[PDB]
Structure formats: structure tokens, C-alpha cells
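Below, each chain spelled out in residue letters.
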Amino acid sequence: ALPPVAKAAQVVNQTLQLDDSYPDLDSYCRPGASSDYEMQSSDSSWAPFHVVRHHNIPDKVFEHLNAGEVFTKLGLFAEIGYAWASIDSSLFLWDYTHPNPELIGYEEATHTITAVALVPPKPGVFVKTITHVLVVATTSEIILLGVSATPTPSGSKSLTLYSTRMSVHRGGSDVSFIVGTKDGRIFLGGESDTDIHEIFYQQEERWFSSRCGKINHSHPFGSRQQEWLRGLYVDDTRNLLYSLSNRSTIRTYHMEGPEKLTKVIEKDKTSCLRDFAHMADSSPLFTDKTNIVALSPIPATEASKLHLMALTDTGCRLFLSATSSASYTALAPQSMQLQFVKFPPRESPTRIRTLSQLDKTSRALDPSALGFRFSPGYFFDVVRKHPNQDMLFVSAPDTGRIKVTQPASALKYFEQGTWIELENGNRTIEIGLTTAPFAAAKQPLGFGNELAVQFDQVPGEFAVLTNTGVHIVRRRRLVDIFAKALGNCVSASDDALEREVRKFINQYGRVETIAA
Amino acid sequence: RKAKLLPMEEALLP
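Residues numbered from 1 in each chain as written, not as in the entry; some residues may be left out. Chains lettered and ligands numbered in written order. Part of a larger assembly, values for the part shown. Heavy atoms only, no water.

The record names cryo-EM as the way this model was obtained, at a resolution of 23 Å.

Next comes the structure, spelled out in C-alpha cells:
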């Protein structure tokens, strides 16, 4: 009754639905806590990440850096494969993928540069060939430059700069953090206070309005205690903006319009600690002495409830939900609550290979100085136990185990982890994604299915900027691990393969293993 | 080498 190709198409349709039923983040990070890790040696074929190459800082940048009179700073434009260095009032960009790069110098600025960022342009403003806007903040003003990052035959963007006549006086508030939205909105913050500013700009000059303006969205007044920002974070999928303060206060702002920004949540460390105390498992790794060192937004495509990850200096990952009071009038949330905690692993890095309760006391990630999360959960933590050498903890969801876990009530935040050692003197500065953002589906269910996209998009790669160079870290897929493991079985017995294969079956299941 | 800054005329339309 039903011919071959139609029968096989039925199998495809049911297989597509099976891959798109991969558990969403909310489902395996339910209220509670977890310490589930399988640690892998960095030199193992089972390593979830590994360093593929490194790019030294050009010698000319070292000449300028050591010629610094007062202030210097480094940063990453990982989206286009560029890095930058500021020396006092001078800025230098370069393509770090190029073996002998030329330095793009920009020295028009009159005062010390305090922040630099590469953001999308405002639509309908610039010629289509302008791909980005370069924001340069000094102690006196903020400067906008047009950017065209067109790809070259070699695979590294060609960068040319355009003047704009767009600039505004800074004012009294320091600018150390610049972030941009998908639509080209530019937000500013710094180390003077917790105020958030926005830069507006338009093509036409008017007699009653300049081409470029600046406004303070915080509208402060009266008595104000000392407090400033540690970072700004954007989530376009929810039209939200987050700030982290030096007191570990998390503020949430909603973009109710193309020119509006409204503060809708303010959650201090005490509130986080109160939520934590109401959880079943309390821990000495999170107290009133603990600092939150970084935030990472979680987009709505990845999870409905969990909006935000917060990293403590003890290495705890705090996952916070946010909820609106109502269901209709984007809808702004009005509450934020600490729901789930991923506690640190226990295994420390070792030169020699060393040999079920919730582990809520590990110090392996203490102190955590910098932290980053990328969908579907790739986690980088800069652990600074010693003041000269950084250790990099890198982990990923155990996609294979999460996909096979049954029933749904048994789902936990299983992870594969590893330690990547940086040489003595390497101080990590920034980590950015070099490939396209990960997404296996368009909604939380199916979103995190790494297995499904092994052959549709290249493995994620991450540029780790240090004070000596840029290191490229690459995510390894099942097929990469399987191929590497088999490569070690080439010189062994019939039973040597069967043993290695059984490791894969016990983690990924038989079908996924045979498919690899 | 100081980067050549092409003019605003090309940059913004129309």
C-alpha cells in the first residue's frame, strides 16, 4: 500500500521529532542542585575541548604597550577574528588569525581610552557595506566609527574604518563597559556609579537636534551610596539588559520601546542568599562574604524560565529564573529568583593521571576570577589559585547522557569537564566565540542537541585572549572523540576495540555509538 | 600607519 521512499520518509519524520525532543534546560536544571561531572584529562581522546593553535601578540604592540605612560588595555573582537590594544589615547587593531598582521592604528583621540567595543549598526543609517560600529570611549568623550569587515580569500575579515562626525561629551561618569543590541542600540556603564546611559545617533542633522546624543536612563537623585558596575549584558531574545555591581547586585532592565529602558528588577546578594537558604542544600561556598564575578544571559530560545547564570568567586554557577506578574500587556518580568545551583567539580589538575551524594564543598574552582557561558552551556572558568598562572576549567553538557536519560524525572545537569593549563605568565583577559552562535532548534525543546548538528555546523571555537597571545579552543563532537579513540585501537586486539566501544554505548547508547 | 578614515559621505546614506 505504501511504497519504499514513503516508508523511509516516515522514519525520517519520526527521527526529526526525536532529535527535536532533546530535553530543554529548565527540565534538567529543575529547582535543586547538582554536582554531576565526568572529568577528562586534557590529553585524553575523550576531552570535551582542546587547544588547536595559538597566535602571539605582534611585537609592535609590545613596543607600544611597554611604551605606556599611564594606562593600557587589551580586548577581543572574536566575531571577526580581530583583537585590539589601547595605549593611553591611541588604539591599535589587528587580525590575530594572520601570521604577520599589519596594525590598524587610530590615534585621533585626545584623552585616555577607557573602553572599546564593536556593535551592530542602526538600520537605515549607514551604507549597507558598513557591517559594524566601533565605539571608542575616553575620559572626555565617546566616539563612533563606521566599520566594514568584509571577508577575504584567506578567511579573515578585511577591516576599514570610516569617520562619522558622531560623538558626544562623556560627562562625569566613567565608561568601562559598552554593549550593543541586535538593532544597534548602544548602552554604557562604568566604575563611577550604577547608572546606565544610551547613545543615540541618526543620519540627518537638524537645527533642534544633533546627529549624536546621550541620555542617562537611571534618573538618579538624592542620597546615593558608593556602588559601581562590573559588567553589562544583553539578551535580545527578551529585550532585556542586565548589570552586575561591585556589591554583587543584579539589576534587570527592559527595553519597552526603541528608545526606552526601564528598570524592572533589582536583586541584591542578600536576596540571592535568602533564596539559597530556602533550598534543601545550603553550602559554605556561598555566603555574605562571597562575590558574584560574572553574569551570562540565557536566551529565550534556550530556556523559558531560567534567564541568567551568575558565577561566584567560589566557582558556583547560580541559575536564576525570572517571571512576569501577568501574561499580557515584549512582556517585562518583575521578579527574579535563584532556583538551581551547579556546584564545582572536585578533581584538580595534575601532571600525572590520578585514579553519589551532592558535593557542595569543593574548592577546585576557588578563586574564580572570570567566567563565561555560551549556549548550549559551554562553560569557561578562569581559576586563579596562584597569582602567576591561570588554570582554565572548561565543561559542556553531557549531551549523550542527557539524551538517553529516562524517565524525565531522572534528568540531571550531567557534564563533561577538563582542565586546560596556560603557561606561566599567561593572564587570561577575555574569551569570545569565533563561530556562529549554537542552535539545534528554534525553541527550548531540541535546542541543545549537539548530536543532531554534528554535520550541519562546524564545532564551536573560542578565542582565549591572554596578555601574551590568543589561544583557539575547539569543542569536540562525538565523532571527533570516537575517531580519536579508534585511532588508539589501531594497534591492539579484537577485544581492545570492543572495550572502547562499550564505553561509548554505556554513555551514548548503542544507536548513537553505531551512528558515530 | 594611521588608518585611512574614508569620509562620512560614503558611510551614511542617502
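Draft legend 1. Structural detail: the overall build of chain A. Helices and strands together make up the secondary structure of chain A, namely nine helices and 31 strands. In terms of overall size, chain A behaves like a compact globule, its C-alpha atoms giving a radius of gyration of 24 Å where 516 residues would be expected to give roughly 24 Å. In terms of its C-alpha atoms, chain A occupies a principal-axis envelope of roughly 80 × 60 × 55 Å. Per-residue burial over chain A gives 54% buried out of 516 residues. Charge centroids of chain A, computed over 51 positive and 56 negative side chains, lie 4 Å from each other. (Helix = DSSP H or I, 4+ residues; strand = E, 2+ residues; numbered from the N terminus. Rg over C-alpha atoms; globule rule 2.2 N^0.38 Å. Buried < 20%, exposed > 50% of the residue type's maximum accessible area, 1.4 Å probe, protein only. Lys, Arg positive; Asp, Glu negative; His and termini not counted. Charge placed at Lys NZ, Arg CZ, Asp CG, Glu CD.)

Draft legend 2. Region of the structure containing the state of the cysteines. One pass over the full model with this rule turns up zero disulfides over all chains. There is no disulfide at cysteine 272 of chain A, and the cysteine sulfur nearest it, in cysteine 316 of chain A, is 12 Å away. (Disulfide = S-S within 2.5 Å.)

Draft legend 3. Seen up close, the interface of chain B and chain A. Of the residues lining the interface, 14 residues belong to chain B; the matching set on chain A comes to 19 residues. When chain B packs against chain A, the two sides together hide about 1400 Å² of surface, and 60% of this comes from carbon and sulfur. When the buried surface of chain B facing chain A is broken down by residue, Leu5, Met8 and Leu13 of chain B rank first, second and third, together holding 36% of it. At the boundary of chain B with chain A, the tally comes to two salt bridges. A salt bridge links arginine 165 of chain A to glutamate 9 of chain B, with the nearest nitrogen and oxygen atoms 2.9 Å apart. At the junction of chain B and chain A, the tally comes to six residue pairs in polar contact. Ranked by residues supplied to the side of chain B that touches chain A, first place goes to helix α1 (residues 8–11) of chain B with four residues. Taken together, the residues of the side of chain B that touches chain A sort by class into nine nonpolar, no polar and five charged. (Contact = heavy atoms within 4.5 Å. Buried area = accessible area lost by both parts, 1.4 Å probe. Salt bridge = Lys/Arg side-chain N within 4 Å of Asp/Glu carboxyl O. Polar contact = N/O pair within 3.5 Å; in protein donor to acceptor, adjacent residues only side chain to side chain. Nonpolar A, V, L, I, M, F, W, Y, C, P; charged D, E, K, R; others polar.)

Draft legend 4. Representation of the environment of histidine 197 of chain A within the structure. All names here are of chain A. Turning to its location among the elements, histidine 197 is positioned in strand β15 (residues 197–201). Classification of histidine 197 as buried rests on a relative accessible area of 12%. For the pair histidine 197 and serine 218, spaced 21 residues apart in sequence, the C-alpha separation works out to 7.7 Å. Leave out the neighbours within four places in its chain, and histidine 197 touches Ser173, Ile186, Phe187, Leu188, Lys214, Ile215, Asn216 and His217.

Draft legend 5. Representation of the side chain of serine 368 of chain A in the model. Residues and elements named next belong to chain A. Looking at where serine 368 falls in the secondary structure, it is placed in strand β25 (residues 368–374). On the basis of relative accessibility, which here comes to 2%, the residue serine 368 falls in the buried class. Among the polar contacts made by the side chain of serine 368, one reaches the main-chain carbonyl oxygen of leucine 365 at a distance of 2.5 Å. If we ignore the near neighbours within four places in the chain, the residues touching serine 368 are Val293, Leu311, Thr312, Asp313, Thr314, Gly315, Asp381, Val382 and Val383.

Draft legend 6. Here's a closer look at unusual backbone geometry. Residue and element names in this part refer to chain A. A cis geometry characterises the amide bond from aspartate 366 onward to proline 367, with omega recorded as 0°. The residue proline 367 is located in the loop between β24 (335–342) and β25 in this model. Each neighbour pair has its own omega, and for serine 375 with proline 376 the value is 5°, a cis peptide bond. With respect to the helices and strands, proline 376 occurs in the loop between β25 and β26 (378–383). In this structure, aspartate 88 is a non-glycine residue whose phi angle is positive, near 55°. Residue placement: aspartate 88 occurs in the loop between β5 (82–87) and β6 (90–95). The residue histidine 219 is not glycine, and still its phi comes out positive at about 50°. One can find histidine 219 in the loop between β16 (212–216) and β17 (229–235).

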